[PDB]
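Consider the single chain below, provided in structure tokens and representing the form deposited in one PDB entry.
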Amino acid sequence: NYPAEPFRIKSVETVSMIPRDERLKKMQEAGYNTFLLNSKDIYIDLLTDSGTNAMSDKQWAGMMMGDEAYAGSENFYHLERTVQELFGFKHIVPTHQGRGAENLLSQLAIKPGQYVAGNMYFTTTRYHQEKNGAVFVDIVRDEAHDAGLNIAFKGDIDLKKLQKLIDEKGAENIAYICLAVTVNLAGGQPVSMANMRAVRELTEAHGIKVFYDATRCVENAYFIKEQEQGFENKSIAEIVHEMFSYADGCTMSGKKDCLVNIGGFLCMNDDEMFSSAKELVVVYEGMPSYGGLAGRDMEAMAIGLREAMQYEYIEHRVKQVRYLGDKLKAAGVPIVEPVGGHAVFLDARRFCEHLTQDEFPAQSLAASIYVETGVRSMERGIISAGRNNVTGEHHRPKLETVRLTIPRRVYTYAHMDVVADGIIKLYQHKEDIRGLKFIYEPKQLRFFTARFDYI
């Protein structure tokens, strides 16, 4: 049901343990915007699972063995061998993290005016597509947009929407299909092997390329192992390798499922594209053999990807997130369902139904959570959606959420209990949560530095 950690603690990170009254002052000093809190003031930091993971003793040994050569580092060759074996692409180019790989892919693979279709999108990924002249098309199944619908493989592409696009626009006018595993925007929802194969088969008949956004591909493979018929005798490694067999390449943020603090990479099978990629990596990142990483980080990521293949590790990772979601759900706390691989999203609209979206319930709930528990969470609602700059109106998103994002191997079920118990107690007196109003709003990136006060 919930397994014990399949690891023990080698070293600890010291935290302050400041009490509620002091947390309230820190929160006020941050203008009630959790993005403005200092890391040294936070007990449990669930802002993101990106780059916040705990490394192993074996990775730290690798950290001492950084061959820092500008070209031809042994660590690059270790990374390259590892990704070829595990993902099964012919070619790999390291990048400092995922968005560096996305910049490269989109410049290489898009002609202005072409469509890129995907199972929803991530903000950086879609931006790089659009900056290169692509029009984005959502081809996710309709269910993915229903946040209360508890169904499996909610990240699946709708083959009919793909077909429709090909019929209406023409294959030559589609740059590529961008299939993300898992689907972050839908709450971390997995994609099935059947769907990946069906997309490979249809695109292949039309000469259309498919590139994966692989950042949480290991969480994805765990869902396939757990829930997809016929994958129960298959190892995580076998699943991961089969998944990528249905792609022409990928962009990877190692900062997620490769269990590192920095690192990413671009893969492809096509020799000519690989050649062009090497011509471009040097402009933005570094050499084809470091790509904006220290040798020690290529080493840490090579070791971390291989650790991520262990079944017990990934089972525990996903079930720890599930434990938090299960406990919240059992107390009647409204969440996005089903719980995804990396986070639990509170539905702040329903949590704070005495407040209007214009009063920023997700922002305000995230502040309350920090004050009551020392937990930092991310606003993923009206604030982070930003303001229409043509009209000056808020972009008003359907999802008004607080993201409890879980770094890998950092926290225990007891820290999950701190988070849950705190949220449950807040829920019991939810009507007491107050609305927020801007007191400082920057013109851009407002979620990063906006300051608020209570209404």
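The first residue of the sequence shown is number 1, and the count goes up from there. Each form is matched to the other, and the largest set of C-alpha atoms that superpose within 1.5 Å is called the rigid core.
Another form, the form deposited in another entry, is not on view; read the next lines as being about it.
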Quick check for you: superpose on the rigid core, then look between this form and the one not shown for a C-alpha move of 2 Å or more. Which of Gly98, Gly291, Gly374, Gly304 is it?
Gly374
Honestly, after the rigid core fit, is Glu68 moving at least 2 Å at Cα between this form and the one not shown?
no
Taking 2 Å as the cut-off, check whether the CA of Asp417 shifts that much or more between this form and the one not shown after a rigid core fit.
no
Once the two forms are fit on the core, has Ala385 moved its CA by at least 2 Å between this form and the one not shown?
yes
